[PDB]
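Shown next, in structure tokens, is the structure this report addresses.
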Amino acid sequence: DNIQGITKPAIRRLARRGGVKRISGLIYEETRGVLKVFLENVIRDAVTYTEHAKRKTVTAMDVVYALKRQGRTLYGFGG
Amino acid sequence: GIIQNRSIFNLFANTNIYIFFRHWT
Amino acid sequence: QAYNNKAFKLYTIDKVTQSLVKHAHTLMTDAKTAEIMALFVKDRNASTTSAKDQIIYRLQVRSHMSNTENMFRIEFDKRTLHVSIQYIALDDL
Amino acid sequence: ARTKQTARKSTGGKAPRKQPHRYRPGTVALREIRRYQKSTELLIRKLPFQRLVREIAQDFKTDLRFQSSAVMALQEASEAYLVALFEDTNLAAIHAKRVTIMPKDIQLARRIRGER
Amino acid sequence: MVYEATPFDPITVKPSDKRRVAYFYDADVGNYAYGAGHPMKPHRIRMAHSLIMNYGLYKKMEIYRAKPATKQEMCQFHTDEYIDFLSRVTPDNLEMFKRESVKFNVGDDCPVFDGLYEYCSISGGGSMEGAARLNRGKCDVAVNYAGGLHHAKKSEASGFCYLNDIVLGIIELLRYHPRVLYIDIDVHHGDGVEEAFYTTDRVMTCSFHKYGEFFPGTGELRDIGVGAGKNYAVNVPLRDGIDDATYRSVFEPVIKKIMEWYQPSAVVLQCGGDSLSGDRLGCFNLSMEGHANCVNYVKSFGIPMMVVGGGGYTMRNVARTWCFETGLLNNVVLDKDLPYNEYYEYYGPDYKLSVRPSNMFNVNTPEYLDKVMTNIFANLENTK
Ligand SMILES: [Zn+2]
């Protein structure tokens with residue numbers, strides 16, 4: 001249900017930034033699952049890294065570190 | 001009508017001294 | 001634990017004392033407020049006063065502040081320290 | 001005779017118990033294409049996003065606090081991922097003589113992207 | 001000019017009012033449990049009883065195990081079909097009784113546990129044998145905490161109550177006593193007992209209950225009985241958080257006026273522990289002294305009484321107040337230091353007998369209770 005927190009108008013805003021002019025209605029709920037599985041990949045690696053530092057808290061450094069692994073580097077948050 | 005050796009004393013005040021006295025009470 | 005929850009009103013003693021301190025601070029440092037307490041000082045220090053002194057003290061207090069403010073008559077009686085407070089907001093005008 | 005139960009209540013009365021100018025469709029849409037393209041702020045309300053991360057990280061490790069900058073890193077990364085995926089989808093749609101992204105248009109994009 | 005604000009006097013026994021006390025306890029009552037998430041627990045009965053044995057109160061009283069009631073004896077008040085359903089329903093064959101589940105209000109808020117019939121039989125047998133021992137003169141006070149099911153009615157189960165044992169006890173009392181007064185200090189209204197004896201003048205049902213949007217909703221002050229039972233059902237509506245002094249100054253004048261006006265021959269006292277402070281469902285602010293002062297005051301009249309324990313959904317508080325009330329009936333005041341029982345871990349952190357009241361607002365104003373007691377006293381003028 002925290003997933004349903006990613007609301008429609010928010011997915012519409014992402015589509016607008018993405019240049020989409022008419023969003024199907026069945027897209028909204030497809031974008032959730034795709035979103036989840038992706039976050040569920042970064043955050044997984046974010047935590048492997050976390051439990052390697054024996055740290056219990058995660059860091060933004062570990063987040064961009066997990067992105068570097070996945071492939072999609074993120075500049076602006078360290079490293 | 002002179003009241004010598006008075007015992008009842010009156011304090012006239014605005015909201016500031018009234019609220020201060022209410023906090024004291 | 002000590003008072004069997006009968007001392008719950010003392011839970012905010014620091015905040016209420018802080019608010020009393022703040023009210024005293026704005027009590028001396030406000031225009032049209034400290035001279036009212038000065039008039040109270042002159043009325044309390046100078047005893048043996050008749051009624052006419054009390055009314056002229058009342059209008060002299062009234063003339064210090066605005067015409068829409070509220071007056072309060074905080075009566076004190078030495079015998080019994082009994083403070084009667086009376087609401088005369090826009091009544092003596 | 002097939003039967004089913006829907007009340008789902010062995011007893012009734014459970015509560016009483018002891019226990020005007022209007023633009024054409026698309027003009028406003030293109031206007032706020034321009035608005036959300038000239039802009040750089042973050043489009044998925046934060047709190048909701050942070051929560052998405054708490055309930056989903058919970059699985060990999062309990063009691064995992066997240067540095068604030070981190071959930072902001074997850075947001076940025078997620079919005080970048082979805083805006084890239086949505087540019088691709090619009091293309092996967094404008095391909096099929098159309099102007100409406102549809103689920104199928106994104107199950108495909110991701111196949112060509114190879115993210116599946 | 002009827003209600004008087006009086007501070008709560010300390011509880012003092014009367015040495016000239018020694019009563020033969022009969023205790024009815026069946027060791028099995030506690031081995032029954034309404035459910036997993038359910039507030040009503042028969043396990044409160046045996047930790048109350050464990051406090052009786054470990055205080056050495058069994059040397060001043062006789063402990064009896066009442067014979068459990070059969071099917072018919074339950075049908076002295078309830079219908080045949082309701083007792084037949086109660087004696088046959090189990091959690092296994094709940095789907096075999098679906099019409100009767102909604103007919104007799106059994107299944108939600110009155111769940112089906114597989115010792116239901118035995119629990120009801122123990123409760124009804126305890127109440128009826130206490131009344132019978134009162135009838136023959138074998139005892140002056142009959143104590144039975146196994147019952148108290150005052151919400152059960154003729155053909156339904158309500159308020160965690162299935163068998164209205166109090167009606168069975170008052171029925172057994174009526175065979176030898178002309179007038180029986182029922183006093184309910186449970187925070188809920190005694191709707192089953194009042195409804196059973198609504199139209200008769202032989203039973204006066206007095207209930208000191210919270211009356212708001214609270215269960216069971218019945219118990220308005222205007223409910224005074226119909227027919228020959230008019231002005232023979234006193235309802236005392238109370239608000240939240242009534243303390244010991246307020247409850248005493250309400251209870252003692254009303255019960256005194258009933259005593260010198262209705263003049264009963266037997267008394268049934270429902271000692272619901274949900275009138276205590278800190279209860280799961282109750283909303284009163286009575287300490288154990290405040291709860292037991294009603295029992296001590298009704299003991300002063302000398303009328304042969306039946307002390308029957310009813311509600312109470314926090315087990316520790318109801319057990320402690322039942323032990324104190326039982327000790328009060330033997331003309332002793334138990335010391336506020338609990339002896340070692342097998343359930344000693346419940347009564348933390350002080351491990352004393354006392355139930356401490358909460359510091360919540362006694363919203364029962366003197367004017368409201370004055371009007372309530374004035375109308376109650378006016379209705380009681382026709383009961384001579
Ligand atoms: Zn009750």
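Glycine gets a Cβ as well: all are built from the backbone with ideal geometry, and neighbour counts include every protein chain shown. Only the coordinates and a few stated rules stand behind these numbers; no lab work does.
Identify which of E:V307, E:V89, E:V234 has the largest mean-square fluctuation in a Gaussian network model of chain E, with springs joining Cα atoms closer than 10 Å.
Of E:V307, E:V89, E:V234, the most mobile in the Gaussian network model is E:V89.
Roughly how many nanometres apart are two label points built 7 Å out from the Cα toward the Cβ at C:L81 and E:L221?
Here the modelled spin labels are 4.2 nm apart.
What pairs from E:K18/E:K67; D:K18/E:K210; E:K14/E:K60 go past 24 Å between their alpha carbons?
E:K18/E:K67
Suppose each label sits 7 Å from its Cα in the direction of the beta carbon; what would the D:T40-B:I3 distance come out to in nanometres?
The modelled label-to-label distance comes out at 7.4 nm.
When a/c reaches 1.5 or more, the comparison of a/b and b/c decides; with that in mind, is chain E rounded, prolate or oblate per its Cα gyration tensor?
Rounded, because the longest to shortest axis ratio a/c is under 1.5.
Let me know the shape class of segment E:1-71, please: from the alpha-carbon gyration tensor, a ≥ b ≥ c as square roots of the eigenvalues, rounded when a/c is under 1.5, otherwise prolate if a/b is greater than b/c, or oblate.
oblate
With contacts defined as alpha carbon pairs under 8 Å and 6 or more residues apart, what's the relative contact order of chain E in percent?
About 21 percent, as a whole number.
Report, as an integer, the average count of C-beta atoms from other chains found within 10 Å of each Cβ along C:69-78.
5
Just tell me how shielded A:66-75 is by partners: mean number of partner chain Cβ atoms within 10 Å of each residue's Cβ, no decimals.
Averaged over the peptide's residues, the number is 2.
Where does each of D:86-95, E:156-165 land if you order them by average Cβ count within 10 Å, highest first?
Top of the packing list down: E:156-165, D:86-95.
Using only Cα atoms, tell me the angle between helix A:28-50 and the longest principal axis of chain A; keep it within 0 to 90° and round to the nearest 10.
For A:28-50 against chain A, the angle is about 0 degrees.
Which value does Rg/Rh take for the protein assembly as shown over its C-alpha atoms, Rh per Kirkwood?
Result for the protein assembly as shown is an Rg/Rh of 1.15.
Helix by helix, which DSSP H runs in chain E go 15 Å or more along their axis at the Cα atoms and have an average Kyte-Doolittle hydropathy of -0.5 or more?
Answer set is E:43-54, E:116-135, E:244-262, E:288-299, E:315-328, E:366-379.
Give the shape of segment D:20-116 as rounded, prolate or oblate, defined through the alpha-carbon gyration tensor: a ≥ b ≥ c are the square roots of its eigenvalues, a/c under 1.5 means rounded, and otherwise the shape is prolate if a/b is larger than b/c and oblate if not.
oblate
Averaged over A:23-36, how many beta carbons belonging to a partner chain fall within 10 Å of each residue's beta carbon?
Mean shielding count: 5.
Taking the highest mean first, how do the peptides E:286-299, E:13-26 order by number of other beta carbon atoms within 10 angstrom per residue?
Averaged packing, sorted descending, gives the order E:286-299, E:13-26.
Nearest-5 percent of antiparallel DSSP beta bridges in chain E?
5
Name the long-range amide H neighbours of E:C271: under 5 Å, sequence gap of 5 or more, or other chain; modelled H, no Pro or chain starts.
For E:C271, the qualifying residues are E:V308, E:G309, E:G310.
Relative contact order for segment A:1-77 using alpha-carbon pairs under 8 Å, separation at least 6, rounded to a whole percent?
Relative contact order for segment A:1-77 comes out at 21 percent.
Given a cut-off of 22 Å, name the pairs among E:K59/E:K138; A:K8/A:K68; E:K71/E:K103 whose C-alpha atoms lie farther apart than that in the structure shown.
A:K8/A:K68
Name the residue, out of E:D80, E:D191, E:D274, whose mean-square fluctuation peaks in a Gaussian network model built on chain E with Cα pairs under 10 Å.
E:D80
Based on the mean of other Cβ atoms within 10 Å per residue, sort peptides E:333-342, E:264-273 so the most packed one is first.
E:264-273, E:333-342
Could you please report the charge total around D:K97, scoring K, R as +1 and D, E as -1 over all other residues with beta-carbon less than 15 angstrom from its beta-carbon?
+3
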